[PDB]
Amino acid sequence: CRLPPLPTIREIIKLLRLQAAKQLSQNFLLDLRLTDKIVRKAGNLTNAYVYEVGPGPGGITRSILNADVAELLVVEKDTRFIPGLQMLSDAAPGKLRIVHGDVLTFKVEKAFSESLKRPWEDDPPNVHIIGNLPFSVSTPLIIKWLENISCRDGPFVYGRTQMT
Amino acid sequence: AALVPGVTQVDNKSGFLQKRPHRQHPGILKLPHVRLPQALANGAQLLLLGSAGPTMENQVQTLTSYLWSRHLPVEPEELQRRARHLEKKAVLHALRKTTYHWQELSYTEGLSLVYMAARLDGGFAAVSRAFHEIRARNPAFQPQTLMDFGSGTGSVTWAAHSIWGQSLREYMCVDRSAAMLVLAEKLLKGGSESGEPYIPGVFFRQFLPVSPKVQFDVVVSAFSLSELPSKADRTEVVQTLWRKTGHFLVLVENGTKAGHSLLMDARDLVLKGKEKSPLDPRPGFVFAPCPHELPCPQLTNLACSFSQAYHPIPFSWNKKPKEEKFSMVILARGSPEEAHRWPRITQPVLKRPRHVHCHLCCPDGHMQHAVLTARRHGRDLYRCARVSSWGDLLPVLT
Amino acid sequence: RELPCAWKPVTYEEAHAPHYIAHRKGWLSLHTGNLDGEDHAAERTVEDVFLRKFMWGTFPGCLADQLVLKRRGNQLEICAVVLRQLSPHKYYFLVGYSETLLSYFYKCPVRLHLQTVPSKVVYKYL
RNA sequence: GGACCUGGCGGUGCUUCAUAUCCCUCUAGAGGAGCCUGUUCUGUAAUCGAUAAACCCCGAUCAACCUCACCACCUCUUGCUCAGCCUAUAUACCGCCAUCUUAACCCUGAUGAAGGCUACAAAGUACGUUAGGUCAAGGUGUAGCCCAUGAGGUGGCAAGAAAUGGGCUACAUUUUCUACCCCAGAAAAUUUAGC
Ligand SMILES: C[S@@+](CC[C@H](N)C(=O)[O-])C[C@H]1O[C@@H](n2cnc3c(N)ncnc32)[C@H](O)[C@@H]1O
Ligand code: SF4
Ligand SMILES: [Mg+2]
Ligand SMILES: [Mg+2]
Ligand SMILES: [Mg+2]
Ligand SMILES: [Mg+2]
């Protein structure tokens with residue numbers, strides 16, 4: 001797959017219409033080797049439904065796409081990155097579903113098909129979650145998803161979904 | 001010798017001679033006078049509104065002549081041989097003389113403005129002719145990715161847009177000069193620091209990406225390799241560009257001995273594959289202008305160049321149309337399409353009463369000075385040569 | 001050696017440039033042709049051309065400097081400055097030959113006034 | 001590993017002024033009409049192509065039935081004369097134009113890297129290059145075709161449309177004609193300079 005080039009920091013600064021490098025208020029992992037490492041540690045994703053959060057520039061997104069994922073659902077809150085994610089989607093037809101929304105409220109139990117929903121006592125249900133979010137958002141999210149596991153609802157309606 | 005009088009005849013495929021006149025024969029690759037897109041000319045004039053007085057005319061003339069008459073940097077070994085000869089016949093002073101002092105051009109803001117004003121239209125014309133070659137001969141080609149090494153002002157980007165804008169989606173422009181990159185951005189934004197780009201998908205980089213994994217449909221280098229300080233630098237750059245070439249590698253230089261020598265070195269480098277196990281195993285051939293992959297028959301003493309006429313950007317000094325004399329080589333991945341390859345006219349065709357002088361680079365690797373006449377060569381072939389021009393192809397077989 | 005490592009005597013007439021012809025230099029030829037009202041400037045010019053080529057071909061490697069061609073009435077004086085490298089007998093033979101030949105070619109009493117010098121009189125080095 | 005020295009940023013900005021080149025501001029003229037050229041598009045089998053080679057001689061001119069060039073047909077040729085052709089080449093040289101390239105001594109620091117100023121004075125003093133143009137006020141060679149790049153004949157060919165680039169003419173009332181040479185009578189947007 002011929003994916004478009006990864007944005008540089010100058011291109012990111014222009015994209016946020018910020019015109020400077022000091023007021024980013026955000027840190028980007030623009031090194032594809034570390035993102036490749038992270039996706040490797042996420043497990044074998046060949047033909048796996050991956051729900052990715054906090055894409056931003058899209059290093060994790062490109063790394064996941066390079067793995068033979070079946071469908072990749074992406075949720076982005078900043079609309080300014082949606083153009084880049086859209087070009088990335090055009091590069092990979094039918095393997096990227098972008099959604100503009102907030103991960104603390106987005107409802108994943110309806111995103112993927114119902115044929116995926118495996119029992120709790122069987123193996124994890126081929127659905128993986130990967131995320132590099134702001135640290136101010138990852139802890140409410142993990143608390144919320146722990147509550148979901150305790151209730152066996154939300155992303156864990158499919159079974160014992162693994163998170164990275 | 002690709003014209004044996006009484007034996008060679010015109011090549012009639014697709015029912016040529018019956019279904020279309022002689023002026024439109026398939027080797028006609030002449031491009032009408034090139035006029036720049038109005039946005040580019042407007043942007044250039046707006047960017048030069050600050051200072052375009054009598055001093056600028058002198059600066060442009062000086063820079064153009066300096067670039068035209070610049071020689072390749074002399075390699076160590078040639079200096080060593082010359083030093084030995086002079087010693088056999090103080091030596092250092094005699095070497096300061098009779099040797100070209102090659103210097104790096106540091107393109108600051110002022111010199112970038114001068115270079116833009118001096119070379120934008122000429123480079124656009126040359127690159128447009130080189131691209132028209134591919135468009136005319138393979139009209140089914142729809143590139144999606146283009147890289148341009150030494151993207152000075154974006155003339156390559158603008159020409160590629162003007163030709164393949166309905167398919168191109170990524171224009172990678174590499175240039176170590178921050179001033180040149182800023183100027184290219186301004187020109188793309190209509191000559192204003194704030195605006196919307198005229199061409200979408202243009203990426204600007206200060207360093208050349210070195211990786212065989214990423215591969216572009218068209219890789220271009222126009223008047224760029226002559227800026228590199230040494231043959232080793234030229235070699236490594238050409239190797240990288242070929243590795244990242246997907247379909248076509250287009251090298252364009254001045255129409256001088258230096259430019260032609262540079263391009264022939266690059267052609268030999270690409271044609272003689274050294275890499276043991278490259279990621280892309282496809283072989284390379286010369287799409288244009290050479291009808292063969294044999295050594296240039298004309299590199300011994302002369303050069304080889306082609307002319308494209310164009311209308312310069314309006315200025316206080318640009319009144320009449322100009323000619324851009326350039327050397328080109330296009331290297332394509334794969335193998336030649338067929339075996340019916342045609343000679344290339346590498347020199348102005350001289351029309352004289354009942355005969356035509358044409359200098360041809362034949363598929364066998366030799367130059368032929370042919371004086372075509374009706375009685376000797378056939379009426380149809382004579383008419384084809386009569387209507388042909390410099391840089392075209394002559395459709396002859398056996 | 002390496003690229004960063006790297007990076008003629010003239011007489012008075014040769015040294016001075018053409019814009020000194022009436023300021024520092026003079027005129028090698030002196031005749032009345034170019035004065036206001038006089039005639040035959042072209043014929044005198046062609047005569048001077050032939051004299052100079054003839055003399056430079058008849059005294060090869062002997063002439064130190066340019067000739068001076070003076071003209072009084074129908075006389076024609078060639079004042080040349082030659083070197084002392086050729087033998088004096090050959091100098092006399094050539095003087096007689098050239099004088100007779102030029103007198104019969106221009107139908108006027110030509111004359112030659114050789115001046116030998118030990119070597120080229122260098123003025124400066126350019 | 002410790003100490004020290006030179007660096008390198010032909011970098012980046014900010015402060016004040018000398019701040020001349022370069023800028024603007026300012027001043028005076030230059031768009032219409034009729035012809036001729038440059039580029040594009042369309043069209044022809046083809047050239048609305050040129051006159052040391054036509055015609056018009058008030059100036060200039062178009063296509064002229066001059067002639068050459070082009071397109072479609074033909075004919076000759078051992079012929080002009082051991083014939084004939086600006087056919088090529090300065091991408092053969094030479095000429096002419098143009099392009100570019102072209103120290104020593106003495107002191108200080110422990111005679112380390114290294115450094116050397118104070119005026120009411122404290123070590124400082126002495127040619128080549130070019131596939132360049134030009135074959136019109138100039139030359140020396142080299143090659144081409146020689147049943148045709150030579151010589152003739154019979155017909156044609158004579159283009160069309162714009163937007164813009166340029167040039168020439170007449171364009172007035174502060175004018176025009178006569179007498180005079182100045183007190184009369186009748187008629188009716190960029191651009192170019194600035195000094
Ligand atoms: C002068 S431009 C030539 C014209 C330009 N290619 C165009 O099409 O308009 C060549 C540029 O190449 C850049 N360059 C030279 N060496 C380079 C290198 N080693 N890596 C990247 N860019 C380089 C210089 O900055 C220079 O401006
Ligand atoms: S002379 Fe022939 S072989 Fe040589 S560069 Fe030109 S086209 Fe290619
Ligand atoms: Mg003739
Ligand atoms: Mg001629
Ligand atoms: Mg030449
Ligand atoms: Mg006609």
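Chain naming here is simple, since letters A, B, ... match the order of the sequence lines and numbering starts at 1 in each.
Between B/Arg344 and B/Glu133 there is a salt bridge, since at least one side-chain N of the basic residue sits less than 4.0 Å from a carboxylate O of the acidic one. The existence of a salt bridge linking B/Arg82 and B/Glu87 is excluded, since no basic side-chain nitrogen approaches an acidic carboxylate oxygen closer than 4.0 Å. With respect to B/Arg234 and B/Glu253, no salt bridge is recorded, no charged nitrogen being found less than 4.0 Å from a carboxylate O. Using a 4.0 Å cut-off between a side-chain N of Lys or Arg and a carboxylate O of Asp or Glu, C/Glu47 and C/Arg44 qualify as a salt bridge.
Shown for residues 102-123 of chain B: residues whose heavy atoms fall under 4.0 angstrom of RNA chain D, namely B/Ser106. Of all the residues in residues 360-379 of chain B, B/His369, B/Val371, B/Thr373, B/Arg375, B/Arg376, B/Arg379 reach under 4.0 Å from RNA chain D with at least one non-hydrogen atom. Proximity of residues 81-97 of chain B to RNA chain D (heavy atom under 4.0 angstrom from any strand atom) is restricted to B/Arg96, B/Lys97.
Residues B/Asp11 and B/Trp342 have side chains that bring a donor and an acceptor to within less than 3.5 angstrom of each other. For the residue pair B/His25 / B/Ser388, a side-chain donor-acceptor distance below 3.5 Å is found, with atom types taken as modelled. Judged purely by distance below 3.5 Å, without hydrogens or angles, the side chains of B/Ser226 and B/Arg70 pair a donor atom with an acceptor atom.
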What does the list of N/O pairs under 3.5 Å between the protein and nucleotides 41-52 of chain D look like, with a distance for each?
unit_1	atom_1	unit_2	atom_2	d
D/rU44	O4	B/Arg23	NH2	3.3
D/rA45	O3'	B/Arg383	NH2	3.3
D/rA46	OP1	B/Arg23	NH2	2.7
D/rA46	OP2	B/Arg23	NH2	2.9
D/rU47	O4	B/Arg386	NH2	3.1

Any protein N or O atoms within reach of nucleotides 192-195 of chain D? Criterion: under 3.5 Å, listing atom names and distances.
none

Any protein N or O atoms within reach of nucleotides 91-93 of chain D? Criterion: under 3.5 Å, listing atom names and distances.
unit_1	atom_1	unit_2	atom_2	d
D/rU91	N3	B/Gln347	NE2	3.0

Would you list the protein and nucleotides 155-162 of chain D atom pairs, both N or O, that sit under 3.5 Å from each other?
none

Between protein and nucleic acid, restricted to nucleotides 84-87 of chain D and to nitrogen or oxygen atoms under 3.5 Å apart, what atom pairs and distances do you find?
unit_1	atom_1	unit_2	atom_2	d
D/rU87	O3'	B/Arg352	NE	3.3
D/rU87	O2'	B/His357	NE2	3.4

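The salt bridge (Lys or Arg N to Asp or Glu O under 4.0 Å) test applied to B/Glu185 returns A/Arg10, not counting sequence neighbours. For B/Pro295, there are no side-chain contact (heavy atoms from CB on, under 4.5 Å) partners two or more places apart in sequence or in a different chain. B/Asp364 meets the side-chain contact (heavy atoms from CB on, under 4.5 Å) test with B/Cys362, B/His366; sequence neighbours excluded.
Because its glycosidic torsion is within 90° of 0, D/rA126 is reported here as syn. In D/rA137 the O4'-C1'-N dihedral to the base is within 90° of 0, which defines a syn nucleotide. Glycosidic conformation of D/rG29: anti, with the torsion beyond 90° of 0. Nucleotide D/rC145 is shown with an anti base, its glycosidic torsion being more than 90° from 0.
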Distance-only donor-acceptor pairs under 3.5 Å for side chains of residues 119-126 of chain C, two or more places apart:
none

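Comparing D/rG79 with D/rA83, their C1' atoms sit 7 Å apart, to the nearest whole Å. On the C1' atoms, D/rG95 is 8 Å away from D/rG139, given to the nearest whole Å. Spacing of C1' atoms, D/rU27 relative to D/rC195, comes out at 13 Å, to the nearest Å. Of the P atoms belonging to D/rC22 and D/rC93, the separation is 44 Å, rounded to the nearest Å. The P atoms of D/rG43 and D/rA170 are separated by 43 Å, rounded to the nearest whole Å. Nucleotides D/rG109 and D/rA126 place their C1' atoms 24 Å apart, quoted to the nearest Å. Atom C1' of D/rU6 sits at a distance of 12 Å from the matching atom of D/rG115, rounded to the whole Å. Distance check on atom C1': D/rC68 versus D/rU87 gives 16 Å, rounded to whole Å.
Counting non-hydrogen atoms of neighbouring residues, nucleotides and ligands closer than 6.0 angstrom, the CZ atom of C/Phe105 reaches no more than 12 such neighbours. Counting non-hydrogen atoms of other residues, nucleotides and ligands closer than 6.0 Å to CD of B/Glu78 gives a total above 12. Surrounding CH2 of B/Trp317 are more than 12 heavy atoms belonging to other residues, nucleotides or ligands, all under 6.0 Å away. The neighbour count for B/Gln166 CD, taken as heavy atoms of other residues, nucleotides or ligands under 6.0 Å away, does not exceed 12. Shown here is B/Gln61, whose CD atom has no more than 12 heavy atoms of other residues, nucleotides or ligands within 6.0 Å. Within a 6.0 Å sphere centred on CZ of B/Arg20, heavy atoms belonging to other residues, nucleotides or ligands number more than 12.
Distances from the side chain of B/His101 to the nucleotides D/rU102, D/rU99, D/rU40 place D/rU102 closest. When distances are taken from the side chain of B/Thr98 to each of D/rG128, D/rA151, D/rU40, the shortest belongs to D/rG128. Closest contact between the side chain of B/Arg354 and the listed nucleotides D/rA131, D/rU101, D/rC70 involves D/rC70.
For D/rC26, the paired base is D/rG194 (Watson-Crick or G-U wobble, both distances below 3.5 Å). Pairing of D/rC100, defined by two Watson-Crick or G-U wobble distances under 3.5 Å, is identified with D/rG128. If you check D/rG165 for Watson-Crick or wobble pairing at under 3.5 angstrom, you find it paired to D/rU37. The nucleotide D/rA186 finds its pairing partner in D/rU176, both defining distances of the Watson-Crick or G-U wobble pair being shorter than 3.5 Å. Searching all strands for a Watson-Crick or G-U wobble partner of D/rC86 with both distances below 3.5 Å returns nothing. D/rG10 is unpaired under the Watson-Crick or G-U wobble criterion, no partner having all donor-acceptor distances under 3.5 Å. With a cut-off of 3.5 Å on both pairing distances, D/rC171 has no Watson-Crick or G-U wobble partner at all.
The backbone N or O of B/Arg176 sits less than 3.5 Å from a side-chain atom of B/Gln206, completing a donor-acceptor pair.
At a cut-off of 3.5 angstrom, counting only N and O atoms as typed in the model, there is no donor on one side facing an acceptor on the other between the side-chain of B/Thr256 and the base of D/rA131.
The aromatic rings of B/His71 and B/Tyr100 sit perpendicular to each other, their planes meeting at more than 60°, with 30° as the lower class boundary. Below 30°, between 30° and 60°, or above 60°: for B/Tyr115 and B/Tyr107 the angle between ring planes is above 60°, a perpendicular geometry. Using cut-offs of 30° and 60° for the angle between ring planes, the B/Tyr198 and B/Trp158 rings count as tilted.
Backbone-only contact: B/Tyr382 has heavy atoms under 4.0 Å from sugar-phosphate atoms and none from a base.
Going by the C1'-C2'-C3'-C4' torsion, the sugar of D/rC82 sits on the north side, since that angle is positive.
Distance check, rounded to the nearest 0.5 Å: CG of B/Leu393 to SG of B/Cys384 gives 12.0 Å. Note that CG of B/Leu394 and SG of B/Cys361 are 13.0 Å apart. Values are rounded to the nearest 0.5 Å.
Because its NZ or CZ atom is not both nearer than 6.0 Å to the ring centre of B/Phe326 and within 45° of the ring axis, B/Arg129 does not count as a cation-pi partner of that residue.
Nucleotides D/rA148 and D/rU108 fail to qualify as a pair under the Watson-Crick or G-U wobble definition, as the contacts are not both shorter than 3.5 Å.
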